[PDB]
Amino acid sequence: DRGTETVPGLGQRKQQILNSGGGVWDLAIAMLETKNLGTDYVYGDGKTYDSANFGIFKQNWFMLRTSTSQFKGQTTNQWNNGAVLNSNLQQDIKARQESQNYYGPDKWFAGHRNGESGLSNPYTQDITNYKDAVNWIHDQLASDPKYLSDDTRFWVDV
């Protein structure tokens, strides 16, 4: 299942993300993680330690602490450090980009979804379904420049 919906104010947030170092690809990922391109879901998305999620992409702390310049070398026990990404969009965006440039896109998808255990085999069907959804959303945003500044959300039910 997939479709469109109108979210008042989403256009301004899209532009803020592109103005903060995000690309269209980052927008597609974020668009699929929350409806408001926000960080105001429950803290850690209700998870802790290596599983905790932070920022507009819901990056997990395992990924943050292994593949970003901002968190490289920090421990599982230090997972609460990731919460600064809930209020620094520029750092949030730069972290995800560095994480993806460290692992490459295929492994990034796998670690983003399944953590440490996903890095073993990036190509299971579960990871593929997520990858496919992000790609469908990117294709829609890239089909008309007005989707980069209007209130249209493209959603996929993964």
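We call the rigid core whatever largest set of C-alpha positions still superposes within 1.5 Å between the two forms. When you see a residue number, it is the position in the sequence shown, counting from 1.
K.L.:
Output the stretch, either 34-42 or 115-123, that has more C-alpha displacement from this form in 5 other deposited structures of this protein following superposition by the rigid core.
P.N.:
Looking at 34-42 versus 115-123 in 5 other deposited structures of this protein, the farther one turns out to be 115-123.
K.L.:
Mean CA temperature factor from the deposited coordinates, higher in 114-122 or in 66-74?
P.N.:
Stretch with the greater average CA B-factor: 114-122.
K.L.:
Could you say whether, by C-alpha temperature factor, residue 18 belongs to the lowest, middle or highest third of its chain?
P.N.:
It falls in the middle third of the chain.
K.L.:
Just say lowest, middle or highest third for the CA B-factor of residue 130 relative to the other modelled residues in its chain.
P.N.:
Middle third, going by the recorded CA B-factors of the chain.
K.L.:
If you rank the chain by CA B-factor, which third does residue 46 end up in: lowest, middle or highest?
P.N.:
Answer is highest: the recorded C-alpha B-factor places it there.
K.L.:
Where does the C-alpha B-factor of residue 24 rank in its chain, lowest, middle or highest third?
P.N.:
Its C-alpha B-factor, which the entry lists for residue 24, ranks in the lowest third among residues of this chain.
K.L.:
Splitting the chain's C-alpha B-factors into thirds, which one does residue 40 fall into?
P.N.:
Highest third, going by the recorded CA B-factors of the chain.
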